[PDB]
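Residues 0 to 34, 37 to 289 in the entry's author numbering are what the sequence shown lists, from first letter to last.
Report on the following structure.
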Amino acid sequence: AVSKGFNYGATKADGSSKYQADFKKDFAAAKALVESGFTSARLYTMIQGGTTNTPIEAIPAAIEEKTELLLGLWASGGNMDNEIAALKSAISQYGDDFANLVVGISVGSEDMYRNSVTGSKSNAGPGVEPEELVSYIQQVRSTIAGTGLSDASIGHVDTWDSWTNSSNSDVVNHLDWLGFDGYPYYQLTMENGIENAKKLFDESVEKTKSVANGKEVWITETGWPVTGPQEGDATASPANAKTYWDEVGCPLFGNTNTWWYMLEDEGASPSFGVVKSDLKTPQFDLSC
Ligand SMILES: *[C@@H]1O[C@H](CO)[C@@H](O[C@@H]2O[C@H](CO)[C@@H](O[C@@H]3O[C@H](CO[C@H]4O[C@H](CO[C@H]5O[C@H](CO)[C@@H](O)[C@H](O)[C@@H]5O)[C@@H](O)[C@H](O[C@H]5O[C@H](CO)[C@@H](O)[C@H](O)[C@@H]5O)[C@@H]4O)[C@@H](O)[C@H](O[C@H]4O[C@H](CO)[C@@H](O)[C@H](O)[C@@H]4O)[C@@H]3O)[C@H](O)[C@H]2NC(C)=O)[C@H](O)[C@H]1NC(C)=O
């Protein structure tokens, strides 16, 4: 089966922690957009907001909503010990009802991009060197071996330019699949108006595939904002977000594993959410 879902943070746009009831309402609202629906959820961390290493409360919400989970461990900033502890506790506390929903586990999100020259200046925090990322991948594989998650596939999420950076080549060799992050909206060194969005997306995916050594490339993050500042030639608007949804999203949905960015984020700038904060009014026509 092909995964179709959304990316979800551990906090709300204002930075406050999300709890089980918040995740449950999101997962249910995503299902209620199309009656092959959005039934999957990608997370960036195993750790509940406001805690040191308590399992994120998205897990019990997903069990109740039967939501598929693409788990994430955050690998930058030296906190993998707590991520691994939370993963161990999640397996222990929630058992098979949890394991049965897990489609894969991503070790790190954009850690190689933050360890690049332009990524350093993004002020998104520190990154991780390829060798340490490989060691983290091996630690997670050891952690799930023998457990209910022993059949979950291990990947990593990063930008297409970090995948194509040949110094990062050994990371690919330790993964089961590659997670693609790419936004033509942010590619301001190119002619990145909405006019060129599909071309730029397709080109970046083909670049990632060229270094994937025949392993699957999942679309773990892309989207186009409805409001926000102009980036090069790219402008945020409901019309432009709609055009990107139609040109890039509709051909992916149900064909390539895809997690859109994102369901809802009112208050954030740029705002990438496709539904308003009532979790019912779409920002544009979502039919394909
Ligand atoms: C293509 O990809 C490659 C590889 O991914 C990428 O190359 C990296 O480029 C980035 C950006 O320029 C470099 O990051 C800088 O690294 C500076 C040096 O610190 C690093 O190197 C230290 C020494 O490394 C050698 O020695 C040790 C000990 O002998 C050995 O273990 C190593 O393997 C290596 O041989 C190393 O000690 C240091 O470790 C610290 O940081 C890591 C980060 O995860 C963390 O574990 C700890 O905090 C640890 O103390 C680190 O690995 C560094 O000074 C510099 O920091 C600047 O930026 C940050 C913010 O971004 C500021 O906070 C800071 O004040 C500085 O302004 C930055 O981190 C990295 O070294 C390259 N890696 C390699 C392998 O070459 C290319 O850029 C990519 N190409 C393009 C075009 O983007």
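Ideal placement from N, C-alpha and C gives every residue a C-beta, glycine not left out.
Delimiting residues of the beta strand (DSSP E) encompassing residue i
i      : result
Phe5   : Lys3 to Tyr7
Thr160 : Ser154 to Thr160
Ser107 : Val103 to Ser110
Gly180 : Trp178 to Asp182
Between the CA atoms of residue j and residue i - distance to the nearest angstrom
i          : j      : result
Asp21      : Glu66  : 12 Å
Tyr7       : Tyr137 : 23 Å
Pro239     : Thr148 : 45 Å
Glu130     : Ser163 : 12 Å
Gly109     : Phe5   : 17 Å
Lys281     : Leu32  : 8 Å
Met263     : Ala86  : 28 Å
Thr190     : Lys210 : 22 Å
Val173     : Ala125 : 23 Å
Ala0       : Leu44  : 20 Å
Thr160     : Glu34  : 32 Å
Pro283     : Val275 : 6 Å
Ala29      : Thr257 : 18 Å
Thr259     : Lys3   : 5 Å
residue 35 : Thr144 : Because the chain is numbered 34 and then 37 with no intervening positions, residue 35 cannot be located in this model.
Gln231     : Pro127 : 26 Å
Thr228     : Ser278 : 14 Å
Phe273     : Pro252 : 19 Å
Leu70      : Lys24  : 15 Å
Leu176     : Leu150 : 16 Å
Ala146     : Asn241 : 45 Å
Paired residues, beta bridge with residue i - DSSP
i      : result
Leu74  : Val108
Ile48  : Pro56
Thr259 : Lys3 and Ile220
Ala91  : Answer is none; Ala91 lacks a bridge partner.
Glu232 : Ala235
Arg43  : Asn6 and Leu71
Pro283 : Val276
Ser16  : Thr10
Enclosing alpha helix (DSSP H) for residue i [first to last residue]
i      : result
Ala28  : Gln19 to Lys30
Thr68  : First-last for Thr68: undefined, no H or E at that position.
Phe202 : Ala198 to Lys210
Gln140 : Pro131 to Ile145
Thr119 : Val118 to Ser121
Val172 : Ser170 to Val173
For residue j and residue i, believed in contact at Cβ under 8 Å, the rounded distance
i      : j     : result
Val103 : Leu72 : 6 Å
Checklist entry - Any chance the region 11 to 19 sits against the region 240 to 251, with 3 or more Cβ pairs inside 8 Å? => result no
Checklist entry - Would you say the region 212 to 223 touches the region 168 to 188, given that touching needs at least three Cβ pairs under 8 Å? => result yes
Next on the checklist: Below 8 Å, how does it come out for the region 89 to 108 and the region 57 to 64: are there three or more Cβ pairs, yes or no?
Outcome noted: Result yes; three or more Cβ-Cβ pairs closer than 8 Å.
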